[PDB]
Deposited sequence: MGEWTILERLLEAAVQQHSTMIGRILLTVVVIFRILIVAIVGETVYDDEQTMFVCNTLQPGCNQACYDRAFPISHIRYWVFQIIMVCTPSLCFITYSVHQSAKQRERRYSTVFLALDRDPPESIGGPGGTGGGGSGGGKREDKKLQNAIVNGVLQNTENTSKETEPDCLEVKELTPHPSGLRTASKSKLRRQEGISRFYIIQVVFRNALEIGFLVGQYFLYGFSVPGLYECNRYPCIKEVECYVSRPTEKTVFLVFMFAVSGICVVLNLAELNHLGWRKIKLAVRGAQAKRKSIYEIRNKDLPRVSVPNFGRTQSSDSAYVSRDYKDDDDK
């Protein structure tokens, strides 16, 4: 039961990395070039795009992927230098759990579960409130939901192993 858990954790991690690396950089390529607002005021598109999308999804996901692999690198560097291992194993498992729960919660609080097609903006230099229009909202919603599901699976598996060792 604990044998397969490691195999599936490794497979899930590699699957997530591959999905992010091969296709995600090209859904977001035209994010700002196809963003448009109904206005004649210079500079309003810049302010409204910046307010609607402060940090792009793909940047957040790359950062999370890199940060959740640091304890393994630390353990490897330690063992390489060696040339209390069990204490290091315990601590790195604890740290990985904490990091993955923090990142999932932050994703939920930053983005939610959908990307709408319209946005209402009231930032200077825009006069009163203006209406703006988003590029590719459905594909981005699908990507959001898929990433949340994968990260949930990973959280479940790591809690499984944590309780297995105890």
Segments lacking C-alpha coordinates (deposited sequence numbering, starting at 1): 1 to 18, 102 to 193, 277 to 331
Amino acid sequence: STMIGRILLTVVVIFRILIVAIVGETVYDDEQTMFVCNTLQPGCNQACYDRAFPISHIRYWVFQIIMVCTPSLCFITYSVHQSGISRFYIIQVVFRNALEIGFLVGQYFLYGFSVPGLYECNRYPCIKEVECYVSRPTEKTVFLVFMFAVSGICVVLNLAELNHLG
From here on, numbers count along this sequence of modelled residues.
Establish whether the other compared PDB entries of this protein leave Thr77 unmodelled at least a third of the time. no
